[PDB]
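> let's see this in three dimensions:
(one chain, ligands or ions: 7)
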Amino acid sequence: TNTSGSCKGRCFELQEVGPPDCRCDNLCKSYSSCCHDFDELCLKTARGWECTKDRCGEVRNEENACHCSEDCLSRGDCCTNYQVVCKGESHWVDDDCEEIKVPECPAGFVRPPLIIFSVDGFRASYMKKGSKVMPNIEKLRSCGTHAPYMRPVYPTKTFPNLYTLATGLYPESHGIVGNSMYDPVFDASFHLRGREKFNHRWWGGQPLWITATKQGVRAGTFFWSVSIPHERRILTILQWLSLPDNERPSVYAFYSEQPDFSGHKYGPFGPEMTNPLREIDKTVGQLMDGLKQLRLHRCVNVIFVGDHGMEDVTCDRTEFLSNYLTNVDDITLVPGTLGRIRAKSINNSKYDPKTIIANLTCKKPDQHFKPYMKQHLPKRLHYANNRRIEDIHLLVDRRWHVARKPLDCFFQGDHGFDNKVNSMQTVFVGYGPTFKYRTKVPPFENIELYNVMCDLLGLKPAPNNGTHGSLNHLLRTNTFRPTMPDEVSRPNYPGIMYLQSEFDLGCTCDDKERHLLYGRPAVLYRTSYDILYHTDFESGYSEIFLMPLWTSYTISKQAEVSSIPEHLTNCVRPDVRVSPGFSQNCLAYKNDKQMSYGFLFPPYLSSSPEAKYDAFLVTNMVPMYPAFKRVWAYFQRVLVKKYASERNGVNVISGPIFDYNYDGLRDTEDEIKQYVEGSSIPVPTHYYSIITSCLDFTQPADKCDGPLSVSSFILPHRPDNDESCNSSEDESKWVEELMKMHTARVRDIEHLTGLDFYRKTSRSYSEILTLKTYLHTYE
Ligand SMILES: *[C@@H]1O[C@H](CO)[C@@H](O[C@@H]2O[C@H](CO)[C@@H](O[C@@H]3O[C@H](CO[C@H]4O[C@H](CO[C@H]5O[C@H](CO)[C@@H](O)[C@H](O)[C@@H]5O[C@H]5O[C@H](CO)[C@@H](O)[C@H](O)[C@@H]5O)[C@@H](O)[C@H](O[C@H]5O[C@H](CO)[C@@H](O)[C@H](O)[C@@H]5O[C@H]5O[C@H](CO)[C@@H](O)[C@H](O)[C@@H]5O)[C@@H]4O)[C@@H](O)[C@H](O[C@H]4O[C@H](CO)[C@@H](O)[C@H](O)[C@@H]4O)[C@@H]3O)[C@H](O)[C@H]2NC(C)=O)[C@H](O)[C@H]1NC(C)=O
Ligand SMILES: CC(=O)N1CCc2nc(NC3Cc4ccccc4C3)ncc2C1
Ligand SMILES: *[C@@H]1O[C@H](CO)[C@@H](O)[C@H](O)[C@H]1NC(C)=O
Ligand SMILES: [Cl-]
Ligand SMILES: [Zn+2]
Ligand SMILES: [Zn+2]
Ligand SMILES: [Zn+2]
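Numbering: from 1, shown residues only. Ligands and ions are numbered 1, 2, ... in the order given. And now the structure:
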């Protein structure tokens, strides 16, 4: 810890120095390890950040913050407006857009550098609403590649999102699950302010700067000390870009605390928000003028990205737990835009999580939060598989806060809500030689950017949650060539091999090209399964799970909906293609006083009364709680036809999911913790459906030319409907709302089932990857 060393010729050095030697890098202040003369040498402020006519051609002065002398360009330390003020050049923003067909890099550069320009709390709508006061940002957006919005991860907080951006991982995977955290194993607490956040034990996965370095690509600093002004951060980046070939980094990051800091105080659209936006734009202009005078403005790839948005949240819109609970002082609450509940540690044996959940469940007619046990949270959130995530979670309504008591105005804005909320959406602009020219791309999730960033730098990405190749349509070149995964298990195609009389399943029945549009799903794990054909549907029957892994069927715009005849209500027929030993039985359901069953292919949509008998095959049967049957029957009887009629037919792929450890991955048979009473029949934790049709709705789903359109859900298989506060009413008043909350990507279903969809289409694989990452938000 020898502070007696000097920073002379070491200001913002890139090589990290360990003890005893003192540091001169930007993180030295944060770790309290700077050399005595760091602030004096490295953080000059004299005469500001802009050149003036009088300073042009000046004699170099060490005291100045930046220089206006003739040697400044070669030294890489001019003020960013030098050539404009002194050499009569124009500002980058005043030039017309010229396509960058190839990188125009100075000799010596191996690849175009990447500059990640990150802005905190920069909401998607600021692009259009603030465009008139942001001309530099408007030029980047209009002449580069932009998305109308980028979806952040849940929680829509800073640390979980910036760390997702760096790693391509969900917060539950990288460990930064919140701005405030408590690890029970460490018995320590992570906070926005404190020295505990500096410990490396909290930060999982592999961030971009580590990915780069491990592959021999030099990485600049991503985290900046708060005391370093934005102008100095920009000048430091430009100085590093002026270094010799063998020392020059290829990846850089800038960070701005704004517009977030002002957003919290004045709300997202507070009149006070114009100044911070003008400021961020001025900083962009400085970077761009700075790159132009270094002849790098047509060589560097720039990413303008946000971490989350900002909502209108006041203290009048606060919900108090003291209005629901008796023991509010006996609980710890992570409050605000989300809620995480923990018991207070000492002499609190009467603490019951079930009582806290029951007392927070549908108590006020206009209640502005909903409690959940973390494993019951919508799967799309990926917010469960981490010990730092408390079991009790409160999903708070947009514009609302949760607090313990009136004890605990100042703020007009906040963020942290569900990542599907409009106000939480952020920005994405890609500008440079590798991005497309004047191109708009569809919205995407920030988990996807890490792979793009690796691709832009020629790196092999570490394993992450992005879908590599899903964002190829953003790039002019340097595209990753994705390949479909190899199918592990081949299917069996059984014929009639069993006699009806061989089946003693305790079942009774008064029975005396079109449906698989995109090829069969590929099974990517080792298992035994049969493909079963029928007039109205096709399935992939699992011998181990004793039910289909998938069921595929097409419903045309004009399909007729029929009812289950009175005499077929309890009909279950044996399937002569599957062994009685590899079949389910009715006696297990009769003996399970809490479990009933349902069917994957809906009997309501049979093409004829004769065809309807196939829907009652024991091989189309799945276990279902009576409460869930209310949801499933309404989906099958009413909603599938509604979608077919609205989308000009639909192709449906339904099936079970098993995720007992809530890690978002397919369970192995040993991970299943519930079976139908005294049977080998596993109980699914969820049920899915993938509903596909033609993007061009003038074309029927079964005769589609061009892109596809999809919507999917992962419904929780619950023994009650406590999640839905109106569940006592008719299903037409609550089932659809439930389903919209549990909307999913095809990719989320793929991880949970070990299946690979859309293997046989007329579309490019890159386009199919984009389709698999699509989330239908209803927002
Ligand atoms: C989102 O994408 C994620 C990434 O792919 C998916 O998460 C992965 O899931 C799998 C399966 O669950 C899991 O695999 C297991 O790994 C076990 C060992 O785990 C430790 O090591 C890995 C790898 O470390 C390497 O990488 C890191 C940087 O990322 C580096 O620091 C290491 O030094 C090491 O380097 C080597 O690789 C890198 C490239 O990655 C090279 O650059 C380098 O040169 C080296 O070659 C770590 O990632 C794990 O990290 C977890 O734990 C630490 C400490 O607690 C946390 O800080 C960290 O945040 C992370 O925590 C999260 O995951 C754990 C589970 O791992 C959760 O419990 C937790 O709640 C968090 O969610 C570990 O330190 C291995 O034993 C195991 O083996 C089993 O299966 C095999 C069959 O293959 C059997 O033979 C065995 O008997 C075992 O049963 C298995 O391979 C990955 O570890 C996990 N990765 C991460 C980052 O979480 C995720 O599923 C996906 N999400 C969805 C929904 O799809
Ligand atoms: C002052 C303040 O609120 N914080 C929290 C976030 C932060 N982030 C960065 N760099 C970021 C980290 C990162 C991660 C990915 C991509 C770009 C960047 C720049 N630097 C400092 C700070 C400090
Ligand atoms: C739950 O509500 C009941 C009835 O209002 C009350 O008796 C009980 O103490 C409450 N429990 C908690 C833990 O808040
Ligand atoms: Cl938090
Ligand atoms: Zn933030
Ligand atoms: Zn904030
Ligand atoms: Zn699992």
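> which residue, other than its chain neighbours, is closest to the closest residue to ligand 5 within the chain?
Closest to ligand 5 within the chain is residue 158: 3.0 Å, counting by Cβ to the ion. Any C-beta I mention is one placed from the backbone N, CA and C, and that applies to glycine too. The shortest distance from residue 158 to any non-neighbouring residue, by Cβ to Cβ, 6 or more residues apart in numbering, is to residue 307 (5.5 Å).
> if we can go back for a sec, what is the burial count for the residue of the chain closest to ligand 5?
Residue 158 sits with 22 neighbouring residues when counted by other Cβ atoms under 10 Å.
> the one 5 residues further on now?
A count of neighbours around residue 163, defined by other Cβ under 10 Å, yields 22.
> who does the helix or strand hosting it touch, helix- and strand-wise?
Per DSSP states H and E: residue 163 is located in helix 158-167. Applying 3 or more Cβ pairs under 8 Å, 6 or more residues apart in numbering; DSSP states H and E, one finds that helix 158-167 contacts strand 114-120, helix 171-174, helix 208-213, helix 449-456.
> who touches the helix or strand just after the last one?
What it means is helix 449-456. Going down the chain from helix 449-456, the next helix or strand is strand 522-523, by DSSP H and E. Contacts of strand 522-523 with the rest of the structure, by Cβ atoms under 8 Å, 6 or more residues apart in numbering, involve 484-489, 491, 529, 540, 549, 754-756, 759.
> what ranges does the stretch 601-750 of the chain have for its strands?
Applying DSSP state E, counting those that start in this stretch to the stretch 601-750 of the chain gives strands spanning 621-624, 650-657, 686-694, 708-716, 743-744.
> between those, which one is closest to residue 301.
Proximity to residue 301 (Cβ to Cβ) singles out strand 708-716 among these, at 30.6 Å.
> list the contacts for the nearest residue in space to residue 382 that is not next to it in sequence?
Nearest non-adjacent residue to residue 382, counting by Cβ to Cβ, 6+ apart: residue 170, 4.1 Å away. Taking Cβ under 8 Å, 6+ apart, we find residue 170 in contact with 153, 164, 382, 383, 447, 465, 664.
> switch those over to JSON lines; also include neighbour count and distance to ligand 2.
Shown next, in JSON lines, are those (neighbours: other Cβ atoms under 10 Å; distance: Cβ to the nearest ligand atom, whole Å):
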{"residue": "153", "neighbour count": "27", "distance to ligand 2": "13"}
{"residue": "164", "neighbour count": "27", "distance to ligand 2": "9"}
{"residue": "382", "neighbour count": "24", "distance to ligand 2": "19"}
{"residue": "383", "neighbour count": "27", "distance to ligand 2": "20"}
{"residue": "447", "neighbour count": "23", "distance to ligand 2": "13"}
{"residue": "465", "neighbour count": "23", "distance to ligand 2": "15"}
{"residue": "664", "neighbour count": "21", "distance to ligand 2": "23"}
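> what two of those are the furthest from one another?
Going by Cβ to Cβ, the pair spanning these furthest: 164 and 664, at 14.9 Å.
> which of the contacts of residue 170 lies closest to ligand 4?
residue 383 (11.5 Å).
> need the three-state assignment for the closest one.
The local conformation at residue 383, judged by DSSP: H, G, I helix; E, B strand; the rest coil, is coil.
> ramachandran coordinates for it?
Dihedral pair for residue 383: phi -120, psi 70, per degrees, to the nearest 10.
> quick one: it and residue 157, what's the gap?
In this view, residue 383 and residue 157 are 12 Å apart by Cβ to Cβ, to the nearest Å.
> then residue 10?
35 Å.
> looking at the two, which one has more neighbours?
For residue 10 versus residue 157, the count of surrounding residues by other Cβ under 10 Å is larger for residue 157: 25 against 19.
> what's the neighbour count on the nearest residue to residue 562 once chain neighbours are set aside?
Closest residue in space to residue 562, ignoring its immediate chain neighbours: residue 604 at 6.1 Å, by Cβ to Cβ, 6+ apart. Residue 604 has 20 neighbours, counted by other Cβ under 10 Å.
> all the strands of the stretch 1-150 of the chain, in order from the start?
114-120, 145-146, 150-151.
> and the contacts of the longest one?
Counting by Cβ under 8 Å, 6+ apart, strand 114-120 makes contact with 158, 162, 165, 222, 237, 250-261, 280, 284, 287, 300-307, 427, 453, 456-457, all of which sit outside it.
> just to be sure, which of those residues are found in helices?
Counted as lying in helices by DSSP state H, out of these, are 158, 162, 165, 237, 260, 261, 280, 284, 287, 453, 456.
> so how far is ligand 7 from the first one?
Distance, residue 158 to ligand 7, by Cβ to the ion, to the nearest Å: 29 Å.
> show the end-to-end separation of stretch 539-547, please.
By Cα to Cα, to the nearest Å, the extent of stretch 539-547 from end to end equals 9 Å.
> and the contacts of it?
Residues outside stretch 539-547 that contact it (Cβ under 8 Å, 6+ apart) are 491, 520-521, 523, 527-532, 548-552, 578, 582-584, 600-601, 619-623, 656, 658, 669, 680-682.
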